[PDB]
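work.csv (CSV, C-alpha atoms and all ligand atoms)
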chain,number,residue,atom,x,y,z
Y,1,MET,CA,12.4,-4.5,18.7
Y,2,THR,CA,11.5,-3.2,15.3
Y,3,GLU,CA,7.9,-2.2,14.4
Y,4,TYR,CA,7.3,-0.9,10.9
Y,5,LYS,CA,4.5,1.6,10.3
Y,6,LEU,CA,3.1,1.0,6.9
Y,7,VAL,CA,0.6,3.2,5.1
Y,8,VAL,CA,-1.6,2.1,2.2
Y,9,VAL,CA,-2.8,4.8,-0.1
Y,10,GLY,CA,-4.6,5.0,-3.4
Y,11,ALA,CA,-8.0,5.8,-5.1
Y,12,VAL,CA,-11.2,4.3,-3.7
Y,13,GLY,CA,-12.0,0.8,-5.0
Y,14,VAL,CA,-8.5,-0.3,-5.8
Y,15,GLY,CA,-8.3,-2.8,-3.0
Y,16,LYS,CA,-6.5,-1.1,-0.2
Y,17,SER,CA,-8.7,-2.7,2.5
Y,18,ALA,CA,-8.7,-6.1,0.8
Y,19,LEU,CA,-4.8,-6.2,0.5
Y,20,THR,CA,-4.5,-5.3,4.2
Y,21,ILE,CA,-7.0,-7.9,5.3
Y,22,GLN,CA,-5.5,-10.6,3.1
Y,23,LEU,CA,-2.1,-10.0,4.7
Y,24,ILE,CA,-3.3,-9.7,8.3
Y,25,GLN,CA,-6.2,-12.2,8.3
Y,26,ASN,CA,-5.6,-14.5,5.3
Y,27,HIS,CA,-9.1,-14.1,3.7
Y,28,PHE,CA,-10.5,-12.0,0.8
Y,29,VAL,CA,-13.2,-9.4,1.7
Y,30,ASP,CA,-15.8,-8.9,-1.1
Y,31,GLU,CA,-16.9,-5.6,0.3
Y,32,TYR,CA,-15.6,-3.2,2.9
Y,33,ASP,CA,-17.0,0.2,3.9
Y,34,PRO,CA,-14.9,2.8,2.0
Y,35,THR,CA,-15.0,5.1,5.0
Y,36,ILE,CA,-13.4,2.7,7.5
Y,37,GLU,CA,-9.8,3.8,8.0
Y,38,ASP,CA,-8.2,1.7,10.7
Y,39,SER,CA,-4.8,0.3,11.6
Y,40,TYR,CA,-4.0,-3.4,11.7
Y,41,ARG,CA,-1.2,-5.2,13.5
Y,42,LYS,CA,0.5,-8.5,13.0
Y,43,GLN,CA,3.7,-10.3,13.8
Y,44,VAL,CA,5.5,-11.8,10.8
Y,45,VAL,CA,8.8,-13.3,9.9
Y,46,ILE,CA,10.3,-11.4,7.0
Y,47,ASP,CA,13.5,-12.8,5.5
Y,48,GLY,CA,13.9,-14.9,8.6
Y,49,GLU,CA,13.3,-12.0,11.0
Y,50,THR,CA,10.3,-11.3,13.2
Y,51,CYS,CA,8.8,-7.8,13.3
Y,52,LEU,CA,5.7,-5.9,14.2
Y,53,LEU,CA,3.7,-4.5,11.2
Y,54,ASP,CA,1.4,-1.6,12.1
Y,55,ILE,CA,-0.6,-1.0,8.8
Y,56,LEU,CA,-2.8,2.0,8.4
Y,57,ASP,CA,-5.3,1.5,5.6
Y,58,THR,CA,-6.4,4.9,4.5
Y,59,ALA,CA,-9.9,5.7,3.3
Y,60,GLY,CA,-9.7,9.4,2.2
Y,61,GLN,CA,-12.6,10.6,4.5
Y,62,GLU,CA,-13.3,14.1,5.8
Y,63,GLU,CA,-14.0,12.4,9.2
Y,64,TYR,CA,-11.2,12.8,11.7
Y,65,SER,CA,-8.8,10.9,14.0
Y,66,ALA,CA,-5.3,11.1,15.3
Y,67,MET,CA,-4.1,7.7,13.9
Y,68,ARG,CA,-4.6,8.9,10.3
Y,69,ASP,CA,-2.4,11.9,11.4
Y,70,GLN,CA,0.1,10.2,13.8
Y,71,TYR,CA,0.8,7.8,10.9
Y,72,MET,CA,0.8,9.8,7.7
Y,73,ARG,CA,3.3,11.9,9.6
Y,74,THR,CA,5.6,9.1,10.6
Y,75,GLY,CA,4.6,6.1,8.7
Y,76,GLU,CA,7.9,4.8,7.4
Y,77,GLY,CA,6.8,3.4,4.1
Y,78,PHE,CA,3.8,3.8,1.8
Y,79,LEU,CA,2.1,1.3,-0.6
Y,80,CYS,CA,0.7,3.2,-3.5
Y,81,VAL,CA,-2.1,1.0,-5.0
Y,82,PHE,CA,-4.0,1.2,-8.2
Y,83,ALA,CA,-6.0,-1.6,-9.9
Y,84,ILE,CA,-5.0,-3.0,-13.3
Y,85,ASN,CA,-8.6,-2.8,-14.6
Y,86,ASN,CA,-8.9,0.9,-13.5
Y,87,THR,CA,-7.0,3.4,-15.7
Y,88,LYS,CA,-8.3,6.3,-13.6
Y,89,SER,CA,-6.8,4.9,-10.4
Y,90,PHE,CA,-3.5,4.6,-12.3
Y,91,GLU,CA,-3.8,8.2,-13.5
Y,92,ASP,CA,-4.3,9.3,-9.9
Y,93,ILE,CA,-1.0,7.6,-8.7
Y,94,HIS,CA,0.9,10.8,-9.2
Y,95,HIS,CA,-1.5,12.7,-6.9
Y,96,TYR,CA,-0.7,10.3,-4.1
Y,97,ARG,CA,3.0,10.2,-4.6
Y,98,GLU,CA,3.1,14.0,-4.4
Y,99,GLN,CA,1.0,13.9,-1.2
Y,100,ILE,CA,3.5,11.6,0.5
Y,101,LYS,CA,6.4,13.8,-0.4
Y,102,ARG,CA,4.6,16.8,1.1
Y,103,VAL,CA,3.6,15.0,4.3
Y,104,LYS,CA,7.2,13.8,4.9
Y,105,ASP,CA,9.1,16.8,3.4
Y,106,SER,CA,11.4,14.5,1.4
Y,107,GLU,CA,11.6,12.9,-2.0
Y,108,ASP,CA,13.4,10.0,-0.2
Y,109,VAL,CA,10.4,8.2,1.2
Y,110,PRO,CA,10.3,4.3,1.2
Y,111,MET,CA,7.6,3.4,-1.3
Y,112,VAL,CA,6.3,0.5,-3.4
Y,113,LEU,CA,3.9,0.7,-6.3
Y,114,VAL,CA,1.2,-2.0,-6.3
Y,115,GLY,CA,-0.9,-3.1,-9.2
Y,116,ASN,CA,-3.9,-4.9,-7.6
Y,117,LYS,CA,-6.6,-7.2,-9.0
Y,118,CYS,CA,-4.2,-9.2,-11.3
Y,119,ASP,CA,-6.7,-12.1,-11.2
Y,120,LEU,CA,-9.1,-10.0,-13.5
Y,121,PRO,CA,-8.9,-10.6,-17.3
Y,122,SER,CA,-10.2,-7.1,-18.3
Y,123,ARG,CA,-6.8,-5.4,-17.9
Y,124,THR,CA,-6.2,-1.8,-19.2
Y,125,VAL,CA,-3.0,-0.8,-17.4
Y,126,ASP,CA,-0.3,-3.1,-18.7
Y,127,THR,CA,2.9,-4.3,-16.9
Y,128,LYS,CA,5.2,-2.1,-19.0
Y,129,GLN,CA,3.2,1.1,-18.3
Y,130,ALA,CA,3.4,0.5,-14.6
Y,131,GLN,CA,7.1,-0.6,-14.6
Y,132,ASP,CA,8.0,2.6,-16.5
Y,133,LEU,CA,6.1,4.7,-13.9
Y,134,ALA,CA,7.9,2.9,-11.0
Y,135,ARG,CA,11.3,3.3,-12.7
Y,136,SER,CA,10.7,7.0,-13.0
Y,137,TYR,CA,9.9,7.3,-9.2
Y,138,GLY,CA,12.9,5.1,-8.3
Y,139,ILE,CA,10.7,2.4,-6.6
Y,140,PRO,CA,9.8,-1.2,-6.9
Y,141,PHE,CA,6.6,-2.3,-8.6
Y,142,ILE,CA,4.6,-5.4,-7.5
Y,143,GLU,CA,1.6,-7.0,-9.1
Y,144,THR,CA,-0.9,-8.4,-6.6
Y,145,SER,CA,-4.3,-10.0,-6.2
Y,146,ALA,CA,-6.0,-9.7,-2.8
Y,147,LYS,CA,-8.4,-12.4,-4.0
Y,148,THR,CA,-5.8,-15.1,-4.8
Y,149,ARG,CA,-2.9,-13.9,-2.5
Y,150,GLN,CA,-0.5,-13.5,-5.4
Y,151,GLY,CA,2.1,-10.9,-4.6
Y,152,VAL,CA,0.5,-9.9,-1.4
Y,153,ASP,CA,3.3,-10.7,1.0
Y,154,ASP,CA,5.8,-9.5,-1.6
Y,155,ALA,CA,4.2,-6.0,-1.7
Y,156,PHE,CA,4.3,-5.5,2.0
Y,157,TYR,CA,7.8,-7.1,2.7
Y,158,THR,CA,9.5,-5.4,-0.2
Y,159,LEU,CA,8.3,-2.1,1.4
Y,160,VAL,CA,9.7,-3.3,4.8
Y,161,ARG,CA,12.9,-4.1,3.0
Y,162,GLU,CA,13.0,-0.6,1.4
Y,163,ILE,CA,12.5,0.9,4.9
Y,164,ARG,CA,15.6,-1.2,5.9
Y,165,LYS,CA,17.8,0.2,3.1
Y,166,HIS,CA,16.6,3.7,3.9
Y,167,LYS,CA,17.6,3.5,7.6
Y,168,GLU,CA,21.2,3.3,6.4
I,201,LIG,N1,-11.1,-9.7,-8.3
I,201,LIG,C1,-10.5,-8.9,-7.4
I,201,LIG,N2,-11.2,-8.1,-6.7
I,201,LIG,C2,-10.7,-7.3,-5.6
I,201,LIG,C3,-9.2,-7.5,-5.4
I,201,LIG,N3,-9.0,-6.6,-4.4
I,201,LIG,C4,-10.1,-6.0,-4.0
I,201,LIG,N4,-11.1,-6.4,-4.8
I,201,LIG,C5,-12.5,-6.0,-4.7
I,201,LIG,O1,-12.5,-4.6,-5.0
I,201,LIG,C6,-13.5,-3.9,-4.2
I,201,LIG,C7,-12.9,-2.7,-3.5
I,201,LIG,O2,-12.0,-3.3,-2.6
I,201,LIG,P1,-11.5,-2.4,-1.3
I,201,LIG,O3,-10.5,-3.2,-0.4
I,201,LIG,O4,-12.7,-2.0,-0.5
I,201,LIG,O5,-10.8,-1.1,-1.9
I,201,LIG,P2,-10.4,0.2,-1.2
I,201,LIG,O6,-11.4,1.3,-1.5
I,201,LIG,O7,-9.0,0.7,-1.7
I,201,LIG,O8,-10.3,0.0,0.3
I,201,LIG,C8,-14.1,-4.9,-3.2
I,201,LIG,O9,-15.4,-5.3,-3.6
I,201,LIG,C9,-13.1,-6.1,-3.3
I,201,LIG,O10,-13.8,-7.3,-3.0
I,201,LIG,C10,-8.5,-8.4,-6.2
I,201,LIG,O11,-7.2,-8.5,-6.1
I,201,LIG,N5,-9.1,-9.1,-7.2
I,202,MG,MG,-11.3,0.9,2.4
The structure given in the file should be rewritten as C-alpha cells.
Amino acid sequence: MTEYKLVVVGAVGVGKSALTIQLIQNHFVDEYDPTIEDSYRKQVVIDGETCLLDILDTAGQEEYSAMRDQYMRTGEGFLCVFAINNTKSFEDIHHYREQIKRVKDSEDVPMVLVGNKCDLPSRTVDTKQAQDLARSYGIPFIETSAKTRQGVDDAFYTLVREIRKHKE
C-alpha cells in the first residue's frame, strides 16, 4: 500500500501553494498566506495505479512543527519550483537543490524542476535555460501553470515515477 511523501520547495511567490491546491482540490488560489506550511493528502491513479500522495507544501518560516521535519527528513521526492517570470526565483534554485542534498545526505534524491506560471506572457527564464539547468542536475523539467492546470499532474506524477526508479 504505497504512499508517496512529496515535498514542494522554492522561493516565496513562485506558486508552491497554488500548484498543491490545483492538484489536490482542482481550483486556482489567487492568494494564500506565505506562512501556511501544511500537508495535503489525496488518492490518485498514476499510470493506472492507485496511491496515496502526502504533499508537504513548504513556506520557509521560522515558526516550528514536526511535519516540516518528519517530511524534509523522509520525503521521498522534491519538487523544486521557480516561476518563469521571476529570474530571482530561478537564481535561487541552486540554493534549494543543495538544501535537499544536505537534508538527505545523498546526491541521489528523486527530484523534478518545475517552471510555474507558464500562462503569463512576461517571461524572463526561457525553456532552454531551465532545460540546461535540469540536464546538469540529472532531473526532469516540467512547465506548469497552477492557473490553467497545464503540466500540473505531470509535475507531481513524474516525481512519483522518479521515486519508483529510485527504489530499484
Ligand atoms: N498567473 C499565474 N499565477 C499564479 C500561478 N501560480 C501561482 N500564482 C499566483 O502567484 C502568487 C503566489 O502563489 P503561491 O502559491 O502563494 O506561492 P508560494 O509562495 O510558493 O506558496 C499567488 O497570488 C497565486 O495566485 C500560475 O501558474 N499562473
Ligand atoms: Mg505558501
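With only C-alpha atoms as the basis for measurement, Y:143 is the residue among Y:47, Y:154, Y:143, Y:37 that approaches residue 126 (chain Y) most closely.
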Inset, instruction - Counting all atoms listed in the file, name the residues that have an atom within 12 Å of an atom of ligand MG 202 (chain I); the answer should be given as a ChimeraX atom specification. - result: /Y:8-21,29-39,56-61,81
Inset, instruction - May I have the residues at most 12 Å from (-2.0, 7.8, 12.4) in the file's coordinates, counting all atoms listed in the file, as JSON, numbers by chain? - result: {"Y": [5, 6, 7, 8, 37, 38, 39, 40, 54, 55, 56, 57, 58, 64, 65, 66, 67, 68, 69, 70, 71, 72, 73, 74, 75, 76]}
Legend entry - Nearest residue to residue 104 (chain Y) from the set Y:168, Y:133, Y:121, Y:77 (distances using all atoms listed in the file):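 Ranked by minimum distance to residue 104 (chain Y), first place goes to Y:77.
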Within 10 Å of residue 97 (chain Y) using all atoms listed in the file, minus same-chain residues under 5 positions, as a PDB file with C-alpha atoms, in the frame of the given file:
ATOM      1  CA  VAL Y   9      -2.800   4.800  -0.100  1.00  0.00           C
ATOM      2  CA  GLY Y  10      -4.600   5.000  -3.400  1.00  0.00           C
ATOM      3  CA  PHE Y  78       3.800   3.800   1.800  1.00  0.00           C
ATOM      4  CA  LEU Y  79       2.100   1.300  -0.600  1.00  0.00           C
ATOM      5  CA  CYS Y  80       0.700   3.200  -3.500  1.00  0.00           C
ATOM      6  CA  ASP Y  92      -4.300   9.300  -9.900  1.00  0.00           C
ATOM      7  CA  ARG Y 102       4.600  16.800   1.100  1.00  0.00           C
ATOM      8  CA  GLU Y 107      11.600  12.900  -2.000  1.00  0.00           C
ATOM      9  CA  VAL Y 109      10.400   8.200   1.200  1.00  0.00           C
ATOM     10  CA  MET Y 111       7.600   3.400  -1.300  1.00  0.00           C
ATOM     11  CA  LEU Y 113       3.900   0.700  -6.300  1.00  0.00           C
ATOM     12  CA  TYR Y 137       9.900   7.300  -9.200  1.00  0.00           C
TER      13      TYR Y 137
END
